[PDB]
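[1] so I pulled this structure from the PDB, and the sequence comes with it:
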Amino acid sequence: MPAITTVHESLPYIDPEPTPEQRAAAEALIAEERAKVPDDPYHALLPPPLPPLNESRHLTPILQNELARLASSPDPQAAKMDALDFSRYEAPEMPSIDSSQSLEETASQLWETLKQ
Amino acid sequence: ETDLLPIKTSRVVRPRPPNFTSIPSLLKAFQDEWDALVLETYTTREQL
Amino acid sequence: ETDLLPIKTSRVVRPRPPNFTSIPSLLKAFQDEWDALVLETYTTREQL
Amino acid sequence: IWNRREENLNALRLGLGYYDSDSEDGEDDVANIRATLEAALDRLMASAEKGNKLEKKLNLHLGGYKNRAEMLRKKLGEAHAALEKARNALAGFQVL
């Protein structure tokens, strides 16, 4: 529910529509009133500010680190994380067993290729 | 002697230590992270 | 329903390793665990 | 005894039926491992071709359904945004 309780004598369906010059004059008067006194950051109508990542009760420290990494990126929309090793799921090619390679090293390479 | 039943563990499967690298542990951690992110997003959406 | 009795004890608090403090590290660990489980299942099937 | 066999001989070594107990030569084991790797590569290529054919058939069958689901999701997102804007406008209109 909104907290705005101010009452202004406005009748949009009854009173005539103000001209653009009248609207500009009203905006100038509002700007002069805004420059007359400083704005209050602790206004009761204004809600409380958002808490920090570390002060959030629902955000985890890993989530806070991920949010900091995303905010540090110049383009958060295009900030793509590093992909996992998807080349290991492909077809394992035949390893180049050199003639100078030892039997144990060649057997280990063949076992790794067979496991892949 | 009657209401107490002994517990026996089968040794058919290999003994997996209770580490964080297990598949069920990783799934539970991912689910907890997703739930925390969902709660934070819901709070942010309500505030917005 | 009747022959299985649940056990009500304290929850096993698995300690989170410092390496699994990021989403990509946890995803890589889960992928490595899944690959190891698949290789173990294939080796068990071949041995059988 | 089975655990000792699986601990001394490797699981990859025990998984192949050509690993004879009297074959102490490493060249024969290397040749058997190479033959097993070639057979596994051929089987993986055949399975990948079959899976690619099945995936292509399923995509050709359900491309229209996927496009309809994507259009429905986009329409639902637009409707949710319009509903949020309408709720804000209704609250403002009630206050006004």
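    Happy to help now that I have it. Residues are numbered from 1 along each chain as shown, chains lettered A, B, ... in the order given.
[2] what's the spacing between residue A:111 and chain C?
    Using Cβ to the nearest Cβ, to the nearest Å, residue A:111 is found at 11 Å from chain C. C-beta coordinates here come from the backbone N, C-alpha and C atoms, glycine included.
[3] separation between that residue and residue D:56?
    Residue A:111 sits 34 Å away from residue D:56, going by Cβ to Cβ, to the nearest Å.
[4] more crowded one of those two?
    residue A:111 (19 against 10; other Cβ atoms under 10 Å in any protein chain shown).
[5] surely that one meets residue D:30?
    No: using Cβ atoms under 8 Å, residue A:111 is not in contact with residue D:30, being 10.0 Å away.
[6] CA atoms of the helix or strand hosting residue D:4 as CSV?
    Taking DSSP states H and E as the criterion, the element that holds residue D:4 is helix D:2-8. The C-alpha coordinates for helix D:2-8 follow below in CSV (Å, rounded to 0.1, in the frame of the first residue of the first chain):
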residue,chain,number,x,y,z
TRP,D,2,38.2,-60.4,-5.8
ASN,D,3,39.2,-57.2,-3.9
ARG,D,4,42.8,-58.2,-4.1
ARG,D,5,42.5,-58.9,-7.8
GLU,D,6,40.8,-55.5,-8.4
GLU,D,7,43.5,-53.8,-6.3
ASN,D,8,46.6,-55.4,-7.9
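[7] next secondary structure after it?
    As assigned by DSSP H and E, the chain's next helix or strand after helix D:2-8 is helix D:11-14.
[8] got the contact list for the residue in chain A that chain B sits nearest to?
    Per Cβ to the nearest Cβ, the residue of chain A with the smallest distance to chain B is residue A:58, at 4.0 Å. Taking Cβ atoms under 8 Å, 6 or more residues apart in numbering or on different chains, we find residue A:58 in contact with B:36, B:39, B:40, B:43.
[9] residue B:24: which of these is nearest?
    residue B:36 (18.6 Å; Cβ to Cβ).
[10] now do the SS call for residue A:43.
    At residue A:43 the chain is in coil, as set by DSSP: H, G, I helix; E, B strand; the rest coil.
[11] then residue D:21?
    Quick answer, by three-state DSSP: residue D:21 is coil.
[12] about what we covered before: where does the residue of chain A closest to chain B land in three-state SS?
    Secondary structure, three-state DSSP: residue A:58 is coil.
[13] residue C:26 versus that one, what's the distance?
    From residue A:58 to residue C:26 the distance is 19 Å (Cβ to Cβ).
[14] and for residue B:42?
    For residue B:42, the distance to residue C:26 equals 23 Å [Cβ to Cβ].
[15] and the two? which has more neighbours close in?
    residue C:26 (22 against 11).
[16] the more buried one sits in which helix or strand?
    Using DSSP H and E, residue C:26 falls in helix C:23-47.
[17] how distant is that helix from the center of its chain?
    10 Å (Cα atoms, centre = their mean, to the nearest Å).
[18] that helix and chain A in contact?
    Yes: applying Cβ under 8 Å from any Cβ of the partner chain, one finds helix C:23-47 touching chain A at C:23, C:24, C:27, C:28, C:31, C:35, C:39.
[19] quick check: closest non-adjacent residue to the last one.
    Spelled out, it's residue C:39. residue A:115 (5.6 Å; Cβ to Cβ, 6 or more residues apart in numbering or on different chains).
[20] neighbours around that neighbour, how many?
    Residue A:115 sits with 18 neighbouring residues when counted by other Cβ under 10 Å.
[21] picking that back up, reformat the contacts of residue A:58 into a markdown table and put neighbour count next to each item.
    Shown next, in a markdown table, are the contacts of residue A:58 (neighbours: other Cβ atoms under 10 Å in any protein chain shown):
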| residue | neighbour count |
| --- | --- |
| B:36 | 17 |
| B:39 | 14 |
| B:40 | 19 |
| B:43 | 16 |
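[22] now, the most widely separated pair of these?
    Greatest spatial distance among the contacts of residue A:58 (Cβ to Cβ): B:36 and B:43, at 10.8 Å.
[23] what residues does chain B have near chain C?
    So chain B meets chain C at B:5, B:18-23, B:25-27, B:29-30, B:33 (Cβ under 8 Å from any Cβ).
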